[PDB]
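Asks: quick one, structure for this:
(chains A, B, C, D, E, F, G and H)
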Amino acid sequence: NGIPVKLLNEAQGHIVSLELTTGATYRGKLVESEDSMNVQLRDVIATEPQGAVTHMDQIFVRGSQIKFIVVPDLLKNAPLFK
Amino acid sequence: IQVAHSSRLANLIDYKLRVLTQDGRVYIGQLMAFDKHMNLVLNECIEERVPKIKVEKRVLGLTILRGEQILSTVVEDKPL
Amino acid sequence: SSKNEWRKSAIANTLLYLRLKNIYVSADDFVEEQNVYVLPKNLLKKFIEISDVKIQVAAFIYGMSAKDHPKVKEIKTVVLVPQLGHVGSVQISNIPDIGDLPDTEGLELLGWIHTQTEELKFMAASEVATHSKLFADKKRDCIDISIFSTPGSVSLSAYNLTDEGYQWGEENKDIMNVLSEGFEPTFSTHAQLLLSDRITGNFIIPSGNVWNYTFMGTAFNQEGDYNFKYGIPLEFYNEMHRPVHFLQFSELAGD
Amino acid sequence: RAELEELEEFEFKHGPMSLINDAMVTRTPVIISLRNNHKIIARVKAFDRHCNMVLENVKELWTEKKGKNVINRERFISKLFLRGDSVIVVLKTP
Amino acid sequence: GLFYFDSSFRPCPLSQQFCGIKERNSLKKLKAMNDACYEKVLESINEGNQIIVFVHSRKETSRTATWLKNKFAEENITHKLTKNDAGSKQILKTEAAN
Amino acid sequence: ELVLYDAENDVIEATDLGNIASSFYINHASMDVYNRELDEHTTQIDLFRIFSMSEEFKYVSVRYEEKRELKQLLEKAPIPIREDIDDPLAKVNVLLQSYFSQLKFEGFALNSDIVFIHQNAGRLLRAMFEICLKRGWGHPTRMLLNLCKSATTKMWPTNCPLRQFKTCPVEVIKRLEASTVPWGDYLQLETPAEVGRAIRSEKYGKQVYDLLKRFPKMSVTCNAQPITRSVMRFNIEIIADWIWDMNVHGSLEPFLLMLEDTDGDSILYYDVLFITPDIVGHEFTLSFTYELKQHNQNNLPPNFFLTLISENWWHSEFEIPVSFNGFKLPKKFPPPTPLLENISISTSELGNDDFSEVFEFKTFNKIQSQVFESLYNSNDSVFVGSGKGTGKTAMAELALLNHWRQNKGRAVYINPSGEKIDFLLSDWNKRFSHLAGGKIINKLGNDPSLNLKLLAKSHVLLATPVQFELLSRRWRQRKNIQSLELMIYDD
Amino acid sequence: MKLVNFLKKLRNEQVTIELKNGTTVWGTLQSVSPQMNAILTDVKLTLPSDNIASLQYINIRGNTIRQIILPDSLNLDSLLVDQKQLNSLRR
RNA sequence: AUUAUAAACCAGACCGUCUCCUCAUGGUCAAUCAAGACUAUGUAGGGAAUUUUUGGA
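Replies: Numbering: from 1, shown residues only, chains lettered A, B, ... in the order given. Pasting the structure now:
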């Protein structure tokens, strides 16, 4: 299967940041991962390009409209590869 | 830049690649995981901005990329 | 000294065509009252070409009586069959089942043939016992051709066999060098054979292609089923019977 | 396997492509459209499923106007491969 | 179409030379030759001359080289290794042992 | 025998051996050596020796620093050798063997030497093979072919052929080798599971199977038919049972077909044939004619062997017994009739002088004459036969005239060649319907009704045997053809 | 069938691909994918003559391309209509 | 005692020397009461219209 998906799944319960089409970045917990890259978060920070930053409780994001997703450095070599 | 006649994506895995997106925001990062969509996980992210001249910098993450809005991938400087 | 022989023989084996430049028999007088046998200088030559200098190589032979004289036996077909040859003795496979092939129209099992290196006027234990084993009650009247071979000359020594011999054979196949003595030169009844090129003939050879199982010792099965194609029979030390040597060489002979 | 896709071969000649198939068969000039203010002309040669097309003797016609104007730039192109998503309207002219 | 040109026009003109060995017998003659080679070689390498030698055969080569090795070892091993070899030695290690 | 030459007449020509020499850049000396040393009764042992003797090895000598390696080898080296260590020939032969078996070396002098062999073995061997073929000598040429193959693909005969695919794995090949199974058996096996079971590796079984239906293999059949006493057609039927692959099998798959004798000593006739992708699977024929030897003609064998072998695929070599049981040849070609000197027969002798005005000459041809009396005067059957050039046409015309003479009419000229039939019709209707008093000449068309109508009407019909045959068949009802009277079966 | 099968054959040819956002990039095609992913060894650039932004080795996502031009000027096409038929040998 | 270096035949233009992904295929393994990673076939498909590669410039 696709390894990035697997990696994402593995990192369920990590402080994952985000960046969308518009550039509305985020940084909260990873709640769940799927084959299509649909994500849900907790205690999520909203830091948009507009400037008006806010603090939100939960948020769910569409996978298709993602540019990329941030991950910590722990799952780098192991255990996902071999 | 020092990069040879590399035939395919699997033969150039784990290289420090420039990556390009739809809006124009340029990247740099070490290639980790090939994919169907080219959702290429980078070892470290440093995205760069140009206003609508001159290039800026960021450093937030070490990212799982998503392929939809990518343009193409270019080698910068190999490891080891 | 076990390596010195085979290689030498193989090298020697190049001089086997020459062994039929000269061919002669101390010709015994002819008798219509028995069946007289017709062998072709072609088939014989081929057999000699295959043979070893030292060793018993030994096919079956086949054919049938022509309508000219129903006493005659035309030897149209060698049937080179699986075997493991010793020096002056030979293991051999079954009477070959060969109704599968074409040109097997009512071909009687006429007998068999072999090489050796001693011009007797009779059949030895090595031979006689083997013969018995081959043709216990399957065909009593079937005959043997020894071909004595020596540098310069091969000579054909045809032999028949009596029913007392077969009985001996069943018991004394294993060992028994005094039993053969007891039995004697008799009963190797000298049978009538002719050599010709007014006919020619062919081999049946194992469908495998590799009748000599010298170095395929593990494969051989004295009472085993084998297929048989029409084919060009191979030389005794032909690269297909010798596989192990090649393998050894590959497993570098220059370490 | 073989029947399920190859039946769509005649679907070119019946469906809305039929025109462009015909054009391809008997090479004729056609207006070729694009996303960002573009106009292109050429004769048809090789034809596909999804408008990923090839042509010959091609003329691009487009503008780079830095200040409320029109500058119809023109350059000859030959033996291209336009990705069919970009194509919008094509039509056979007499 | 013809264009003869001599050593006159050579990039590095051939400064020719000869030895002229007086001795005859092979077992001494060879020795003499070796000595001559050494003497020439010594003269050369002092001036920073990286040198080629030919011989006749393959078997001759190694024996000549060996002899040479067991000639300069007496007088001066220094002037063929010369350099301090912190990187040079590494380089040598990399290719000589493989 | 590289050329043909006459000292005084001064006429040069190139032989096959000369050609061989040219192509395979032989030094004439080498060629000469080959010519004598290759021999009806040469053997594998000899063949290597002969190769060694090749005079692009005049300068190769044994060397002390090599010697040890040679010693190590020459014991275990699997071609027996006639020479002994110091001889350079022996060394060469052992190097060849090494190359065949892939024995890359430590003491590189040998390796340098072996490099030469590698670049030039396949050449020399091929040349030798060609020479053998030319000669017509089975023993070497099959062996020589094998040798050539080995040279090409660096492995021996006993090294299992899979080896020569790029994609099969190392463990499998080893397993195959030791196991001492007749390779063909593996090929024969049907199920990939079965293959797996019997490749000491249930892993990769499917892969190997795929790589056995990727291997060349032909259930060839061939019956010959004796054209005449000397001549023998041989109808071959070659099936190509394997599945092609443009990486593996190449642009085409050559197969040097031999026909060879009951012994396997002599080639009779040979041919290269390229099996192409296109061919494979199609039951595809191939024919050739072979004359015979006087003795052979007299007393003939129980068989020959027709024998495809690939110019690549190890242990391909499909040999089959060209059945001959009771191939009772014909009686020595019956004799042609004699031409007597009596050409006096001419446009005079024919009765009414109307018929004289049709021929654009006066006196007939030599052969035309010899038959005329039987042809024109008498009303009985005629076989002419020959000859091409000479007027069959004239004879036909004469016959027609004769038929007309007795008031018969119903003529049927049957040549096959319709495009010449048409021509005949064109230059008959103009030269003939006039002079009879209206005798109607018609070339038959295609469709049967029309033809029937023509028959009913027309006096002379011309027809392609096909068409006229079609017309006739229902003759018990179509009573026009019941009442046909003369038939000029042309050709 | 498909016109991506056209570019499947063309191994190692020089092209200056017009991408959708607008670019000029001289490079060797190598092997193209059935999703139009080509692999480009040597490159010249234009970021949004046009200025050389100093990159060498690109690998294309097949979505990006508008027009490919100037590898070779030929017309050779079909393949699958041959292969389906010559495999019908025995039933 | 003991020998320089060096080039080489043959099948090819009427012809797809060579694929990144998913699905099936039989042969395997790693396994729990009916499911996952590997070689291998190309015989399948890739505007599955929206979660990517065929249109939000």
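Asks: all contacts plus neighbour counts: C-alpha atoms, from now on.
Replies: Fine.
Asks: does the lengthiest helix in chain D come close to RNA strand H?
Replies: Counting residues, the longest helix found in chain D (DSSP state H) is helix D:18-25. No. Contact of helix D:18-25 with RNA strand H (Cα under 7 Å from any atom of the strand) is absent, the minimum separation being 12.0 Å.
Asks: by contact count, what packs against that helix?
Replies: helix D:10-14, strand D:39-46 (3 or more Cα pairs under 8 Å, 6 or more residues apart in numbering or on different chains; DSSP states H and E).
Asks: winner for burial among those?
Replies: Comparing the helices and strands packed on helix D:18-25 by mean neighbour count (mean count of other Cα atoms under 10 Å in any protein chain shown), strand D:39-46 ranks first with a mean of 19.
Asks: next helix or strand past it?
Replies: The helix or strand immediately downstream of strand D:39-46 is strand D:54-63, counting by DSSP states H and E.
Asks: got a list of contacts for the next helix or strand after that following strand?
Replies: Later in the chain than strand D:54-63, the nearest helix or strand by DSSP H and E is strand D:72-77. Here strand D:72-77 makes contact (Cα atoms under 8 Å, 6 or more residues apart in numbering or on different chains) with D:56, D:57, D:58, D:59, D:60, D:61, D:62, D:63, D:64, G:69.
Asks: next, the buried residues of the longest helix of chain D.
Replies: Neighbour-count burial for helix D:18-25, with 16 or more other Cα atoms under 10 Å in any protein chain shown as criterion, is recorded at D:19, D:20, D:21, D:23, D:24.
Asks: also stretch B:17-36?
Replies: B:17-21, B:24, B:26-35.
Asks: quick one: it near chain D?
Replies: No. Using Cα under 8 Å from any Cα of the partner chain, stretch B:17-36 stays clear of chain D, coming no nearer than 15.4 Å.
Asks: give me the contact list for that stretch.
Replies: Surrounding stretch B:17-36, the residues in contact under the criterion Cα under 8 Å, 6+ apart are A:2-4, B:9-10, B:13-16, B:39-50, B:69-77, G:48.
Asks: same check on stretch F:71-89?
Replies: Here stretch F:71-89 makes contact (Cα under 8 Å, 6+ apart) with C:7, C:10-11, C:245-246, C:248-249, C:253-254, F:44-45, F:48-49, F:52-53, F:60-62, F:67, F:70, F:90-91, F:93-94, F:97-98.
Asks: out of the residues you listed, which are buried?
Replies: Among those, the ones that count as buried by 16+ other Cα under 10 Å are C:7, C:10-11, C:245-246, C:249, C:253-254, F:44-45, F:48-49, F:52-53, F:62, F:70, F:90-91, F:93-94, F:97-98.
Asks: if we can go back for a sec, which among the contacts of strand D:72-77 gets closest to residue C:206?
Replies: Closest approach to residue C:206 among those (Cα to Cα): residue G:69, at 64.4 Å.
Asks: wait, that closest one sits on residue D:79?
Replies: Yes. Residue G:69 lies in contact with residue D:79 (Cα atoms under 8 Å); the separation is 6.3 Å.
Asks: picking up where we left off before, in the contacts of strand D:72-77, find the pair that's most separated.
Replies: For those, the maximum inter-member distance is 24.8 Å, found between D:56 and D:64 (Cα to Cα).
Asks: so what's residue 25 closest to, chain neighbours aside?
Replies: All of this refers to chain A. If the residues on either side of it in the chain are set aside, residue A:25 comes closest to residue A:19, at 4.5 Å by Cα to Cα, 6 or more residues apart in numbering or on different chains.
Asks: if you could check chain C rather than the one you did, that'd help
Replies: Nearest residue to residue C:25, sequence neighbours excluded (Cα to Cα, 6+ apart): residue C:155, at 5.8 Å.
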